[PDB]
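*Asks:* Take a look at the following structure, please.
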Amino acid sequence: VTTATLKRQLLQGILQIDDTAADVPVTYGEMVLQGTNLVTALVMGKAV
Amino acid sequence: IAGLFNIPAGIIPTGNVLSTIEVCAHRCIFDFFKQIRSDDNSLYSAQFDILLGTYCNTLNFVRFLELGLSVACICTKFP
């Protein structure tokens, strides 16, 4: 996060821009879990 | 007595207290009492240490059998 004037001066003097596209993720990361496994683990104590 | 995920409270009672005696009587080691009418609330509650995947560090496999030593010094074997 830089100042607009500072980044403009940098890109005009030294830095160069050679980008035209971007990356967009295609995974929502939505998942669900069943409480039966948790119940069985709790009622057993030790499990693998 | 309390302070764990579950409270067995000793053994599971077989219905109600027999011998026609009070559930409290004399408080010696037991002091918690709770009577319910029909079921209970907070039916969705548990505690477990879940873990997805075993994270570990990565170390490069480097041995003494490298060409650098052979090209820097004289390499010979005397078994």
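We label chains A, B, ... in the order they appear in the structure tokens, count residues from 1 in each chain, and number ligands from 1 in the order shown.
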Neighbours of residue 39 in chain A within 12 Å (only C-alpha atoms; same-chain residues fewer than 5 positions away dropped), as a PDB file with N, CA and C atoms, in the first residue's frame?

*Replies:*
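Everything below was put into around_17.pdb:
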```
ATOM      1  N   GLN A  34     -20.282 -33.679   9.296  1.00  0.00           N
ATOM      2  CA  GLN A  34     -21.316 -34.452   9.970  1.00  0.00           C
ATOM      3  C   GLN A  34     -20.945 -34.636  11.436  1.00  0.00           C
ATOM      4  N   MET A  44     -16.233 -42.524  22.489  1.00  0.00           N
ATOM      5  CA  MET A  44     -15.200 -43.550  22.544  1.00  0.00           C
ATOM      6  C   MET A  44     -13.955 -43.110  23.300  1.00  0.00           C
ATOM      7  N   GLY A  45     -13.625 -41.822  23.273  1.00  0.00           N
ATOM      8  CA  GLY A  45     -12.442 -41.331  23.952  1.00  0.00           C
ATOM      9  C   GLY A  45     -11.193 -41.423  23.101  1.00  0.00           C
ATOM     10  N   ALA A  47      -9.496 -42.924  19.635  1.00  0.00           N
ATOM     11  CA  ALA A  47      -9.845 -43.407  18.308  1.00  0.00           C
ATOM     12  C   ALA A  47      -8.708 -43.091  17.347  1.00  0.00           C
TER      13      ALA A  47
ATOM     14  N   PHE B   5     -15.460 -32.246  29.474  1.00  0.00           N
ATOM     15  CA  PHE B   5     -16.410 -32.231  28.366  1.00  0.00           C
ATOM     16  C   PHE B   5     -17.715 -32.920  28.747  1.00  0.00           C
ATOM     17  N   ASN B   6     -17.634 -34.013  29.502  1.00  0.00           N
ATOM     18  CA  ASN B   6     -18.805 -34.751  29.947  1.00  0.00           C
ATOM     19  C   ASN B   6     -18.706 -35.010  31.442  1.00  0.00           C
ATOM     20  N   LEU B  43     -28.925 -28.969  21.952  1.00  0.00           N
ATOM     21  CA  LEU B  43     -28.681 -30.319  21.458  1.00  0.00           C
ATOM     22  C   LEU B  43     -27.494 -30.389  20.507  1.00  0.00           C
ATOM     23  N   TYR B  44     -27.090 -29.265  19.922  1.00  0.00           N
ATOM     24  CA  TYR B  44     -25.956 -29.207  19.002  1.00  0.00           C
ATOM     25  C   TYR B  44     -24.784 -28.574  19.751  1.00  0.00           C
ATOM     26  N   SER B  45     -24.012 -29.412  20.440  1.00  0.00           N
ATOM     27  CA  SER B  45     -22.860 -28.945  21.200  1.00  0.00           C
ATOM     28  C   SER B  45     -21.912 -30.114  21.414  1.00  0.00           C
ATOM     29  N   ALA B  46     -20.644 -29.920  21.058  1.00  0.00           N
ATOM     30  CA  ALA B  46     -19.632 -30.956  21.206  1.00  0.00           C
ATOM     31  C   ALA B  46     -18.271 -30.291  21.361  1.00  0.00           C
ATOM     32  N   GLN B  47     -17.251 -31.112  21.600  1.00  0.00           N
ATOM     33  CA  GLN B  47     -15.888 -30.620  21.767  1.00  0.00           C
ATOM     34  C   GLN B  47     -14.925 -31.695  21.292  1.00  0.00           C
ATOM     35  N   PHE B  48     -14.139 -31.377  20.265  1.00  0.00           N
ATOM     36  CA  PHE B  48     -13.175 -32.317  19.715  1.00  0.00           C
ATOM     37  C   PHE B  48     -12.050 -31.540  19.048  1.00  0.00           C
TER      38      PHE B  48
END
```

*Asks:* Taking only C-alpha atoms into account, find every residue of chain A that has an atom no more than 9 Å from chain B, and write it out as a PyMOL selection string.

*Replies:* chain A and resi 35+38-39+41-42

*Asks:* Enter the distance from CA of residue 40 in chain A to CA of residue 4 in chain B, in Å, rounded to one decimal.

*Replies:* 17.2 Å

*Asks:* Please extract the residues of chain A with a backbone DSSP assignment of helix (DSSP H, G or I) and present them as a ChimeraX atom specification.

*Replies:* /A:4-13,35-44

*Asks:* One decimal, in Å: what's the spacing between CA of residue 51 in chain B and CA of residue 28 in chain A?

*Replies:* 20.7 Å
